[PDB]
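**Q** Next up is a structure, given as C-alpha coordinates.
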Amino acid sequence: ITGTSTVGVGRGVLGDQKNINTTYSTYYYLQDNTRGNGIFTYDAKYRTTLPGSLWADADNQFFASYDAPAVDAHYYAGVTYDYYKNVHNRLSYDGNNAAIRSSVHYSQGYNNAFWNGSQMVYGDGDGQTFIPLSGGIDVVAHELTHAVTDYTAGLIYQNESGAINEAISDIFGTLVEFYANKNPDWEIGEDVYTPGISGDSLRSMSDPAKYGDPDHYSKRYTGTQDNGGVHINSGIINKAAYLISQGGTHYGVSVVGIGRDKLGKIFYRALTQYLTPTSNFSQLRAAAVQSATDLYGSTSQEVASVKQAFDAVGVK
Ligand SMILES: [Ca+2]
Ligand SMILES: [Ca+2]
Ligand SMILES: [Ca+2]
Ligand SMILES: [Ca+2]
Ligand SMILES: [Zn+2]
(Lines of atoms letter the chains of each structure in order from A and count residues from 1; the text may use other names and numbers.)
(Lines give C-alpha, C1' and ligand atoms only; values in the text may rest on other atoms or scores of the structure.)
(Ligands and ions follow the chains in the order given, each with its own letter.)
Protein backbone atom coordinates (compact mmCIF):
# COMPACT_ATOMS: atom_id res chain seq x y z
CA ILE A 1 0.00 0.00 0.00
CA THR A 2 0.89 3.70 -0.21
CA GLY A 3 1.99 5.28 3.05
CA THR A 4 4.74 6.68 5.25
CA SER A 5 7.81 4.58 6.00
CA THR A 6 8.50 4.09 9.68
CA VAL A 7 10.04 1.69 12.19
CA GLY A 8 8.17 -0.51 14.62
CA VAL A 9 9.29 -2.80 17.42
CA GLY A 10 8.43 -6.40 18.16
CA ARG A 11 9.47 -9.74 19.56
CA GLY A 12 10.37 -12.77 17.48
CA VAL A 13 9.60 -16.47 17.87
CA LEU A 14 12.54 -16.96 20.23
CA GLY A 15 11.47 -14.02 22.39
CA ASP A 16 14.13 -11.61 21.15
CA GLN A 17 13.27 -7.95 20.58
CA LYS A 18 14.01 -6.34 17.22
CA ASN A 19 13.11 -3.29 15.14
CA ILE A 20 11.24 -3.83 11.88
CA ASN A 21 10.52 -1.57 8.92
CA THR A 22 6.81 -0.82 8.53
CA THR A 23 4.52 1.47 6.53
CA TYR A 24 1.88 3.75 8.01
CA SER A 25 -1.51 4.37 6.39
CA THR A 26 -4.31 4.30 8.98
CA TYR A 27 -2.79 1.01 10.16
CA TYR A 28 0.88 0.07 10.39
CA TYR A 29 1.67 -2.63 7.84
CA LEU A 30 4.51 -5.11 7.58
CA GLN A 31 5.79 -3.48 4.42
CA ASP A 32 9.46 -2.56 4.22
CA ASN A 33 10.07 0.12 1.58
CA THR A 34 13.80 0.38 2.29
CA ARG A 35 14.76 -2.73 0.33
CA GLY A 36 14.25 -2.96 -3.43
CA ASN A 37 10.61 -2.94 -4.46
CA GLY A 38 9.73 -3.90 -0.90
CA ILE A 39 9.33 -6.75 1.56
CA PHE A 40 5.72 -7.68 2.36
CA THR A 41 4.52 -10.04 5.08
CA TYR A 42 1.00 -11.51 5.09
CA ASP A 43 -1.29 -13.26 7.55
CA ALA A 44 -2.59 -16.57 6.15
CA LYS A 45 -4.87 -16.89 9.20
CA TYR A 46 -4.43 -20.67 9.53
CA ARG A 47 -5.87 -21.18 6.03
CA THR A 48 -4.13 -22.42 2.87
CA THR A 49 -5.31 -19.63 0.59
CA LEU A 50 -2.41 -17.39 -0.44
CA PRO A 51 -1.10 -14.88 0.18
CA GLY A 52 -3.71 -13.87 2.72
CA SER A 53 -3.95 -10.31 4.06
CA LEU A 54 -1.07 -7.83 4.26
CA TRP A 55 -0.20 -7.73 7.97
CA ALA A 56 -1.89 -4.74 9.62
CA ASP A 57 -1.25 -3.59 13.19
CA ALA A 58 -2.90 -0.75 15.10
CA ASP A 59 0.04 0.59 17.13
CA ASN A 60 3.30 -0.44 15.41
CA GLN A 61 4.17 -2.65 18.39
CA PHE A 62 4.37 -6.39 17.72
CA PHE A 63 4.63 -8.14 21.10
CA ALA A 64 1.62 -10.47 20.82
CA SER A 65 2.33 -14.20 20.54
CA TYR A 66 0.40 -14.22 17.25
CA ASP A 67 2.79 -11.54 15.94
CA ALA A 68 6.05 -13.45 16.54
CA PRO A 69 6.19 -15.48 13.29
CA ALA A 70 5.43 -12.35 11.24
CA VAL A 71 8.11 -10.28 12.97
CA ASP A 72 10.78 -12.87 12.18
CA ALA A 73 9.64 -13.63 8.64
CA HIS A 74 9.70 -9.90 7.89
CA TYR A 75 13.01 -9.23 9.64
CA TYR A 76 14.95 -12.23 8.34
CA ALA A 77 13.80 -11.65 4.77
CA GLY A 78 15.39 -8.22 5.17
CA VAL A 79 18.65 -9.69 6.47
CA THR A 80 18.77 -12.16 3.58
CA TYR A 81 18.15 -9.36 1.07
CA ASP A 82 21.03 -7.41 2.66
CA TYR A 83 23.33 -10.42 2.41
CA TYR A 84 22.75 -10.92 -1.31
CA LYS A 85 23.03 -7.20 -2.02
CA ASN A 86 26.12 -6.43 0.07
CA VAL A 87 28.07 -9.66 -0.45
CA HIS A 88 27.13 -10.70 -3.99
CA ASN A 89 25.83 -7.44 -5.46
CA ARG A 90 22.51 -9.11 -6.28
CA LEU A 91 19.30 -7.09 -5.98
CA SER A 92 16.61 -9.39 -4.57
CA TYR A 93 16.09 -12.92 -5.89
CA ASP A 94 15.60 -11.96 -9.55
CA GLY A 95 18.47 -9.49 -9.64
CA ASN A 96 16.04 -6.68 -10.43
CA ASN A 97 14.75 -5.86 -6.94
CA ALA A 98 11.61 -8.01 -7.16
CA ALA A 99 9.29 -7.55 -4.17
CA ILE A 100 9.71 -10.26 -1.52
CA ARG A 101 6.47 -11.67 -0.10
CA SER A 102 6.00 -14.04 2.84
CA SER A 103 2.87 -15.48 4.44
CA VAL A 104 2.88 -16.82 8.00
CA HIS A 105 0.36 -18.85 10.01
CA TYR A 106 -0.15 -21.09 6.99
CA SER A 107 -2.58 -23.94 7.73
CA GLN A 108 -2.72 -25.57 11.19
CA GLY A 109 0.19 -27.36 12.84
CA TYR A 110 2.07 -27.26 9.55
CA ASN A 111 5.67 -28.49 9.97
CA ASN A 112 7.05 -26.98 6.81
CA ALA A 113 8.13 -23.80 5.01
CA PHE A 114 8.43 -23.39 1.24
CA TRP A 115 8.83 -21.21 -1.83
CA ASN A 116 5.75 -21.77 -4.03
CA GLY A 117 7.25 -20.21 -7.14
CA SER A 118 5.99 -16.73 -6.24
CA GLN A 119 6.41 -16.26 -2.48
CA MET A 120 7.60 -17.79 0.78
CA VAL A 121 5.19 -19.62 3.08
CA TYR A 122 5.71 -20.57 6.74
CA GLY A 123 3.76 -22.98 8.90
CA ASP A 124 3.57 -22.59 12.70
CA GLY A 125 4.74 -26.13 13.37
CA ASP A 126 2.93 -28.54 15.69
CA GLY A 127 4.81 -27.32 18.74
CA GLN A 128 6.55 -30.68 19.09
CA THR A 129 8.57 -31.23 15.92
CA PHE A 130 8.74 -27.53 15.06
CA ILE A 131 7.84 -24.12 16.43
CA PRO A 132 7.01 -21.36 13.88
CA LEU A 133 9.52 -21.94 11.06
CA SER A 134 10.29 -18.28 10.34
CA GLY A 135 12.09 -18.25 13.69
CA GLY A 136 15.14 -19.80 12.06
CA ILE A 137 17.29 -17.48 9.98
CA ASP A 138 18.80 -20.44 8.12
CA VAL A 139 15.25 -21.59 7.30
CA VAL A 140 14.25 -18.20 5.87
CA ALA A 141 17.51 -17.88 3.92
CA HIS A 142 17.13 -21.47 2.69
CA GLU A 143 13.70 -20.61 1.27
CA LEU A 144 14.66 -17.28 -0.30
CA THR A 145 17.64 -19.02 -1.90
CA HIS A 146 15.24 -21.41 -3.67
CA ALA A 147 13.90 -18.29 -5.39
CA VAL A 148 17.43 -17.22 -6.37
CA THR A 149 18.11 -20.67 -7.81
CA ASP A 150 14.84 -20.64 -9.78
CA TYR A 151 15.83 -17.35 -11.41
CA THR A 152 19.38 -18.41 -12.19
CA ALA A 153 20.45 -22.04 -12.69
CA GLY A 154 16.85 -23.29 -12.58
CA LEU A 155 17.88 -26.67 -11.16
CA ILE A 156 15.04 -29.16 -11.62
CA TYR A 157 13.72 -30.40 -8.27
CA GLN A 158 14.44 -34.07 -8.86
CA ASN A 159 17.32 -36.53 -8.44
CA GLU A 160 20.83 -35.08 -8.52
CA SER A 161 19.89 -31.64 -9.84
CA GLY A 162 17.33 -31.43 -7.04
CA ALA A 163 19.91 -32.44 -4.44
CA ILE A 164 22.16 -29.64 -5.69
CA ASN A 165 19.19 -27.28 -5.51
CA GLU A 166 18.72 -28.31 -1.87
CA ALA A 167 22.41 -28.08 -0.95
CA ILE A 168 22.63 -24.58 -2.44
CA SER A 169 19.78 -23.50 -0.16
CA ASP A 170 21.46 -25.05 2.90
CA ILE A 171 24.82 -23.54 1.99
CA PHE A 172 23.56 -19.99 1.58
CA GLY A 173 21.12 -20.42 4.44
CA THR A 174 24.16 -21.14 6.60
CA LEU A 175 26.24 -18.31 5.12
CA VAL A 176 23.42 -15.87 5.90
CA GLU A 177 23.27 -17.21 9.46
CA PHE A 178 26.99 -16.43 9.76
CA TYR A 179 26.46 -13.04 8.10
CA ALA A 180 23.92 -12.10 10.77
CA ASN A 181 26.21 -13.59 13.42
CA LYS A 182 23.18 -15.16 15.12
CA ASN A 183 24.74 -18.07 17.05
CA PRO A 184 26.16 -19.37 13.73
CA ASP A 185 26.83 -23.05 13.08
CA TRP A 186 26.89 -25.61 10.27
CA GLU A 187 23.61 -27.20 11.37
CA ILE A 188 20.24 -26.64 9.68
CA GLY A 189 17.08 -25.52 11.47
CA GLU A 190 18.41 -25.92 15.01
CA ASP A 191 16.55 -22.84 16.28
CA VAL A 192 13.05 -24.09 15.45
CA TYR A 193 13.47 -27.87 15.53
CA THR A 194 12.24 -29.99 18.48
CA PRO A 195 11.88 -27.37 21.24
CA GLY A 196 11.90 -30.18 23.79
CA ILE A 197 15.33 -31.43 22.71
CA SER A 198 18.46 -29.27 22.76
CA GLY A 199 21.59 -29.74 20.68
CA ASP A 200 19.91 -31.32 17.65
CA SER A 201 18.85 -30.12 14.20
CA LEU A 202 17.13 -31.32 11.04
CA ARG A 203 20.32 -31.65 9.01
CA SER A 204 24.05 -31.29 9.62
CA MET A 205 26.50 -29.94 7.05
CA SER A 206 29.56 -30.75 9.17
CA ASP A 207 28.45 -34.35 9.67
CA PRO A 208 25.39 -35.34 7.57
CA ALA A 209 25.66 -38.95 8.74
CA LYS A 210 24.74 -37.81 12.25
CA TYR A 211 21.11 -37.84 11.10
CA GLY A 212 21.41 -40.68 8.60
CA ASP A 213 22.18 -38.61 5.51
CA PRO A 214 24.97 -39.70 3.11
CA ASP A 215 28.39 -38.04 3.34
CA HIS A 216 29.93 -39.83 0.35
CA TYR A 217 28.71 -40.51 -3.19
CA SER A 218 28.90 -44.28 -2.65
CA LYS A 219 26.15 -43.94 -0.05
CA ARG A 220 23.77 -41.92 -2.23
CA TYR A 221 20.06 -42.74 -2.14
CA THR A 222 18.81 -44.17 -5.43
CA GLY A 223 15.12 -44.63 -4.62
CA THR A 224 12.07 -42.61 -5.67
CA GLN A 225 11.06 -41.11 -2.32
CA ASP A 226 11.56 -37.39 -1.68
CA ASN A 227 11.80 -36.69 -5.43
CA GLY A 228 14.80 -38.99 -5.68
CA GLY A 229 16.22 -38.04 -2.29
CA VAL A 230 16.68 -34.31 -2.83
CA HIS A 231 16.79 -33.67 0.93
CA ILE A 232 18.90 -36.79 1.48
CA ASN A 233 21.63 -36.65 -1.16
CA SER A 234 22.11 -32.93 -0.49
CA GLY A 235 24.24 -34.17 2.40
CA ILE A 236 26.97 -35.20 -0.03
CA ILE A 237 27.24 -31.67 -1.39
CA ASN A 238 26.77 -30.05 2.03
CA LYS A 239 29.73 -32.05 3.34
CA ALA A 240 31.84 -30.96 0.38
CA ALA A 241 30.93 -27.31 1.01
CA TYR A 242 31.78 -27.68 4.71
CA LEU A 243 35.17 -29.17 3.84
CA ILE A 244 35.97 -26.43 1.32
CA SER A 245 35.33 -23.81 4.00
CA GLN A 246 36.56 -25.46 7.20
CA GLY A 247 38.92 -28.12 5.89
CA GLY A 248 39.50 -31.53 7.40
CA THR A 249 40.14 -35.17 6.53
CA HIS A 250 37.19 -37.18 5.25
CA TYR A 251 37.51 -40.84 4.23
CA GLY A 252 41.28 -40.48 4.17
CA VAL A 253 41.30 -37.38 1.97
CA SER A 254 42.72 -34.18 3.47
CA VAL A 255 41.28 -30.79 2.54
CA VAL A 256 42.76 -27.39 3.38
CA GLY A 257 39.96 -24.98 4.25
CA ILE A 258 39.74 -21.62 2.47
CA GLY A 259 37.02 -19.98 4.56
CA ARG A 260 33.34 -19.05 4.29
CA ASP A 261 33.76 -15.92 2.18
CA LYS A 262 35.56 -17.75 -0.62
CA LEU A 263 33.10 -20.66 -0.37
CA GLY A 264 30.28 -18.19 -0.99
CA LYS A 265 32.05 -16.53 -3.91
CA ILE A 266 32.84 -19.86 -5.57
CA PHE A 267 29.35 -21.31 -5.25
CA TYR A 268 27.54 -18.10 -6.14
CA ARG A 269 29.53 -17.86 -9.36
CA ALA A 270 28.89 -21.54 -10.14
CA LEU A 271 25.18 -21.06 -9.50
CA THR A 272 24.81 -17.92 -11.61
CA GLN A 273 27.27 -18.62 -14.43
CA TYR A 274 27.75 -22.35 -14.98
CA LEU A 275 24.94 -24.49 -13.58
CA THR A 276 21.94 -25.42 -15.73
CA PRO A 277 18.53 -27.00 -14.99
CA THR A 278 19.83 -30.56 -15.44
CA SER A 279 23.29 -30.29 -13.86
CA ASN A 280 24.37 -33.37 -11.90
CA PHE A 281 27.00 -33.76 -9.16
CA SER A 282 29.85 -34.29 -11.62
CA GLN A 283 28.91 -31.12 -13.48
CA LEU A 284 28.66 -29.24 -10.18
CA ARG A 285 32.26 -30.25 -9.46
CA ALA A 286 33.33 -28.96 -12.88
CA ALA A 287 31.40 -25.72 -12.37
CA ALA A 288 32.92 -25.16 -8.93
CA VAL A 289 36.43 -25.84 -10.19
CA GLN A 290 35.94 -23.46 -13.11
CA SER A 291 34.52 -20.79 -10.80
CA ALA A 292 37.45 -21.05 -8.41
CA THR A 293 39.74 -20.92 -11.44
CA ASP A 294 38.11 -17.72 -12.73
CA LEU A 295 38.43 -16.08 -9.33
CA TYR A 296 41.79 -17.30 -8.02
CA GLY A 297 43.74 -18.92 -10.85
CA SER A 298 44.20 -22.51 -12.02
CA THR A 299 47.20 -23.10 -9.74
CA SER A 300 45.68 -21.54 -6.62
CA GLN A 301 45.12 -23.18 -3.25
CA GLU A 302 41.42 -22.39 -3.73
CA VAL A 303 41.13 -24.59 -6.82
CA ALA A 304 43.15 -27.30 -5.08
CA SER A 305 40.79 -27.33 -2.09
CA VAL A 306 37.67 -27.53 -4.26
CA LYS A 307 39.13 -30.57 -6.03
CA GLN A 308 40.11 -32.23 -2.74
CA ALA A 309 36.68 -31.64 -1.20
CA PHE A 310 34.84 -33.31 -4.06
CA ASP A 311 37.39 -36.16 -4.09
CA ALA A 312 36.70 -36.61 -0.38
CA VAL A 313 32.97 -37.12 -1.00
CA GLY A 314 33.56 -39.36 -4.01
CA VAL A 315 32.33 -36.99 -6.71
CA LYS A 316 34.41 -37.17 -9.90
CA1 LIG B 1 0.27 -4.14 17.96
CA1 LIG C 1 22.57 -21.36 14.80
CA1 LIG D 1 22.02 -23.18 11.53
CA1 LIG E 1 15.72 -29.14 19.26
ZN1 LIG F 1 14.67 -26.62 0.24
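Residue numbering in chain A adheres to Swiss-Prot, whereby the residues present occupy positions 233-548 in order.
Every residue gets a Cβ built from N, Cα and C, even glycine.
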**Q** Can you find which of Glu392, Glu398 Swiss-Prot lists as binding Zn(2+) at the same site as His374, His378?
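**A** Looking at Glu392, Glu398, the one Swiss-Prot places in the Zn(2+) site next to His374, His378 is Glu398.
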**Q** Across all the protein chains here, work out how many other Cβ atoms are within 10 Å of the Cβ of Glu419 (Ca(2+) 2 binding site).
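**A** I count 23 other Cβ atoms within 10 Å of it.
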**Q** What is the separation, in Å, between the Cα atoms of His374 (Zn(2+) binding site) and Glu409 (Ca(2+) 2 binding site)?
**A** 10
**Q** Counting other Cβ atoms within 10 Å of each residue's Cβ, which of the binding-site residues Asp289, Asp291, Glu422, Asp432 comes out lowest?
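**A** Lowest Cβ count within 10 Å among the binding-site residues (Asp289, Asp291, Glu422, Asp432) is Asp291.
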**Q** Rounded to a whole angstrom, what is the C-alpha distance between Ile429 (Ca(2+) 4 binding site) and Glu422 (Ca(2+) 2 binding site)?
**A** 10
**Q** Identify all same-chain residues not among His374, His378, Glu398 whose C-beta atom falls within 8 angstroms of the centroid of the Zn(2+) site's C-beta atoms; report them in sequence order.
**A** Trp347, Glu375, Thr377, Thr381, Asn397, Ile400, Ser401, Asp402, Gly405
**Q** With the Cβ atom as the reference point and anything under 6 Å counting, tell me which of the binding-site residues (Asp289, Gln293, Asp417) are near ligand 1.
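**A** Among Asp289, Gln293, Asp417, near ligand 1: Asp289, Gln293.
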